[PDB]
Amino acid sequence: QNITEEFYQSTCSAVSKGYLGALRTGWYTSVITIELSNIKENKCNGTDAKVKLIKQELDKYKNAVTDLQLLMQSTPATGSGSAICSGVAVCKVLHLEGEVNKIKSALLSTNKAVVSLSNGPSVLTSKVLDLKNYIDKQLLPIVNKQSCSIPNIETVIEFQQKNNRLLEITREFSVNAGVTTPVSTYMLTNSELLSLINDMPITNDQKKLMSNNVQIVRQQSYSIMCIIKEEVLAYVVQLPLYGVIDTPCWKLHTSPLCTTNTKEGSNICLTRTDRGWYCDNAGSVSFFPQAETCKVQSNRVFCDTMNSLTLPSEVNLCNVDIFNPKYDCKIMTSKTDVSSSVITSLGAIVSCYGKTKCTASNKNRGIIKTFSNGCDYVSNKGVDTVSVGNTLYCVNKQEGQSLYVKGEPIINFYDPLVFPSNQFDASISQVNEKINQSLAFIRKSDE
């Protein structure tokens, strides 16, 4: 893992390079079945406590079954509808007549089986729980008589253990309108997930990747409820396919860059916009503005292209030349010089203004650097914490090399009188045009 960082003194921004990205570009759906028992209440003369315990657990089984039924009778729309059409397409096929009977026959003797549906896909189905065999074989002879037979206490415990997975799956599907993410161990055990990864149409290097990051895989997966019909509970798990592997990725960090005059009210500020994760993707750059869309593990990043923006690759030139014409680099302006700090991958940017006490300390040496007014940076080599005012941040102690790219702060190139200080989604060149417009009103009204 070659993680490196670059602080640009001129724009008060840093870029953390060297990350290998795995971008989600496709979906792999799989059908998960639970064999249920079509057992209407069959209540008999019962008294001894083992029978009461069985009848109680049996009512919890019926309530979970009717709840999954009212969940499929009326399914509320979810904010995930734009990401689940593939798994939903499998559920719509399962609703066809005879289709639940097909998977019901293929999984008659085995747990796993490939099934060609009436919509063509050769989908892979599994069978993680068998309640029809247990209730109809171990319980009906106990409840299908004039008076109930006495089950042994081992059966009471075994039925509470088996029925448990059904109750938790019904709880998640009910509170989330049939669509859950991340995918829990109740929907798919770690053992079942690794077996599903092994059976995926991916390279052996991708199976090793998803198997070594199962929690991230779970967080980028969906579990979709299909149907309860004819003693079968089926639901689709939608797993990520990372069509982009090992693509270069980097993270942009930005902090306010103000002037440091001694008279308050005479200072102007500037901040680069669009901080977050950038990855090379198909001749363009995929930008992820939201913080939860990229999970990081050491050297590696796992992003979902669902919540990304597609930018031309020239967007990276804002990191090397912000005044560069191939790309209109974006900034925001204000006159709000409040001190702050940003913890980067290998150090910390500190924007210190006013009377704020900014410093960087080592746990055993004490304060090793005092920041003056302006925007500065310190590496994690020898630094443990950074204090800005009354706030103390912890520096990431990850190994890597930092580079301080010295340069004049670009905020000094601007005349304060004509500066646009109210700008939000503004470009470097847009700001220069507003300055030419305020300068033309004085050029004409001097001549």
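Start at 1 and count along the sequence shown; that's the residue number.
J.: Identify the stretch, either 265-273 or 140-148, whose C-alpha atoms have the larger mean B-factor according to the entry.
T.: Taking the mean C-alpha B-factor of 265-273 and of 140-148, the larger value falls to 140-148.
J.: Looking at the entry, does 72-80 or 169-177 show the higher mean C-alpha B-factor?
T.: Averaged over C-alpha atoms, the B-factors run higher in 72-80.
J.: Between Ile153, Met225, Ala282, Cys352, which one tops the list for C-alpha B-factor in the PDB entry?
T.: In this record, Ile153 carries the highest C-alpha B-factor of the candidates.
J.: Which one of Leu311, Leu124, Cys375, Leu252 shows the biggest C-alpha B-factor in the PDB entry?
T.: The C-alpha B-factor peaks, among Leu311, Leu124, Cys375, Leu252, at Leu124.
J.: Split the chain's modelled residues into thirds by Cα B-factor; is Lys102 in the lowest, middle or highest one?
T.: Highest third, going by the recorded CA B-factors of the chain.
J.: Ranking every modelled residue in this chain by its Cα temperature factor as given in the entry, which third contains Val15?
T.: Answer is lowest: the recorded C-alpha B-factor places it there.
J.: Per the entry's values, where does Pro289 land by CA temperature factor relative to the rest of its chain, in the lowest, middle or highest third?
T.: Lowest third.
J.: Going by the entry, which third of its chain does the Cα temperature factor of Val51 land in?
T.: It falls in the top third of the chain.
J.: When the modelled residues of the chain are sorted by Cα temperature factor, does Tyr134 land in the lowest, middle or highest third?
T.: Top third by C-alpha B-factor.
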